[PDB]
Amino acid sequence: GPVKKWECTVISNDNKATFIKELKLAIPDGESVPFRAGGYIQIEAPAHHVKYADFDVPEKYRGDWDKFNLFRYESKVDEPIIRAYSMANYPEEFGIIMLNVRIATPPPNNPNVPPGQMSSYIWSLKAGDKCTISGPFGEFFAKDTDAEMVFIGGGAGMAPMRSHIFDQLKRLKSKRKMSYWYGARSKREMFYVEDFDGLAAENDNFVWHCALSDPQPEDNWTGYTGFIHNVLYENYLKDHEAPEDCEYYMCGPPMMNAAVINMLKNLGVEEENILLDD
């Protein structure tokens, strides 16, 4: 009754990184989900059986798949399932839902356990497939203030970061000072580069930076390296006159969230200015 549902068509489902796919969904009749940036939807899947060997993984991203023999895996799901995924589009990107979905493979120290149910299903989807979503939901919303904003994302945590940043600069026409600090493992794992480069070129109040935590020899990389929290500290927060006056929004793997939070507390940032999704 109260929660709305849409039967969507898959527009595309391309790899954006070795272990991340961008699922793009078309909403029926060109309508839009009435969400807020930072929110999420629930995807549901029927019973199914999929093989990793059938995933479309481009050769550019296949290196670690071959290296760890990840095409061995199969996922057998006996009953319908449901999971949450965050919108990577912002609300005025009408008619679509964009998601960034990390494949949850078996842990390497435990390789024979079942692969992740829903991410394996999503990775099997191809253009033209149908996909049912409900919502929207969420609580990871921007504060309505004039404070400087610092966004920290890592890996698939890109999704709500993109939603938030575009919402501020395009829908809200914000003049707030904004920066985005994004951690990727190596150059091929970067994505949405055109999106944020364009925003920074058009908005004097927005800048962004990528740090590579494991740069590869073929990257010819001369930018920032290491964990993103160390890069943000060294190149911006260390010398900030008043880091406690900023609002920090972050989404990354658990160990990135913990390192960022620790660093901000050590700088005297208060918990009300440190925001994560639940």
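Don't overthink the numbering: it's just position in the shown sequence, from 1.
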213 to 221 versus 38 to 46 - which carries the larger mean C-alpha B factor in the record:
213 to 221
Averaging C-alpha B-factors over each stretch, which comes out higher, 106 to 114 or 91 to 99?
106 to 114
Identify, among 80, 160, 135, 183, the residue whose C-alpha carries the highest B-factor in the deposited PDB entry.
80
Chain-relative CA temperature factor third for residue 9
middle
Where the record places residue 126 (Cα B-factor, split into thirds across the chain)
middle
Compare the C-alpha B factor of residue 173 with those of the other modelled residues in its chain, then answer lowest, middle or highest third.
highest
Grab the CA temperature factor for residue 53 from the record and place it in the lowest, middle or highest third of its chain.
highest
Residue 198 by Cα B-factor - lowest, middle or highest third of the modelled chain
highest
